[PDB]
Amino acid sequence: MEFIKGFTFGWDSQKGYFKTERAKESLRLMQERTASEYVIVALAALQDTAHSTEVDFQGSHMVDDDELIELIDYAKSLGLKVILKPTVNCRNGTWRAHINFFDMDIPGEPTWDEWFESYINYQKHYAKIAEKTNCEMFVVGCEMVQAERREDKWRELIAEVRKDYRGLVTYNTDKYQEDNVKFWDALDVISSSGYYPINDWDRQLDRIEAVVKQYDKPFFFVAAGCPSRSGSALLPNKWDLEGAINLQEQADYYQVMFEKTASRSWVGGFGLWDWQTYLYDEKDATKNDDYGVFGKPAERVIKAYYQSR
């Protein structure tokens, strides 16, 4: 597999966003400014809490199917390859990594089987869309740290996705969990959220390399990035990290990440986090402390590296 020059798009989307010219212009700008060749379309169903079993993808927080297909087909007309990544958020704000249920089934308690039935229904729905739009890859889950232990259920979900979708299937594990996932053999591509501290790449790449060398499968950091915030370079996953604005630190983080991984032949690409559907004005880039790179020094670092690969 070719090196994946990717960027995550659409995380901010709601119903109706993708039908707009504003969405299509942001995607073209993403391509023009970063030289990305893949777009990761990240979508979020909702559940009420980390311990609820109903995964809701029908409310207006979700783009509808028609406009999702339209955006996908538009991205292909730009020459982009498409990775579809449907995940889930909690309405009360809990990180999805905490989604958890009792190990055993307790009468009256919510159970893994109930949650997985709802989650599978959601994933099969989007697996069918990925199939009819010929998405190059499908991501069955994202950073589901506590749920990763239910290996039987994840294998069942992947089998169900294979009935709908012929392309590459991956699972997006969280930072530091690459060596804990027990079902990589059921997937075509190994992937993780590579939010590693700016000063700990050597150790982490050594750890991940040993996992990857056990399989005949490409690996890539399907999510990776850093907010323009002081303190973020050490904790780049922490989207709610309290710190003052710092665009220099964000660009530093990207320069180190690329320099460290460029020499590791098995690091197969990135899905950088993230490019908003409805972008801030470029004249406000210098006051923005979010993950975005539009108008920021990190934008130049990314374009230069992507064009060199």
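Note that residue numbering begins at 1 and tracks the sequence as displayed.
Using only the Cα atoms and their B-factors as the entry lists them, report which of 16 to 24 and 297 to 305 averages higher.
That would be 16 to 24.
Do the C-alpha atoms of 267 to 275 or of 238 to 246 have the higher average B factor in the entry?
Averaging CA B-factors over each stretch, the winner is 238 to 246.
From 166, 96, 155, 85, residue of greatest CA B-factor
Going by the entry's C-alpha B-factors, 166 comes out highest.
I'd like to know which of 134, 100, 228, 173 has the highest C-alpha temperature factor in the PDB entry.
The record points to 134.
Sort the modelled residues of this chain by their C-alpha B factor and say whether residue 185 lands in the lowest, middle or highest third.
Middle third of the chain for residue 185's C-alpha B-factor.
Determine, from the deposited record, the chain-internal third of the Cα B-factor for residue 106: lowest, middle or highest.
Answer is highest: the recorded C-alpha B-factor places it there.
Name the third of the chain's ranked CA B-factors that contains residue 60, choosing lowest, middle or highest.
Highest third.
Splitting the chain's C-alpha B-factors into thirds, which one does residue 218 fall into?
CA B-factor rank for residue 218: middle third.
Compared with the other modelled residues in the chain, in which third is the CA B-factor of residue 78?
Within its chain, residue 78 is a highest-third residue by C-alpha B-factor, going by the deposited values.
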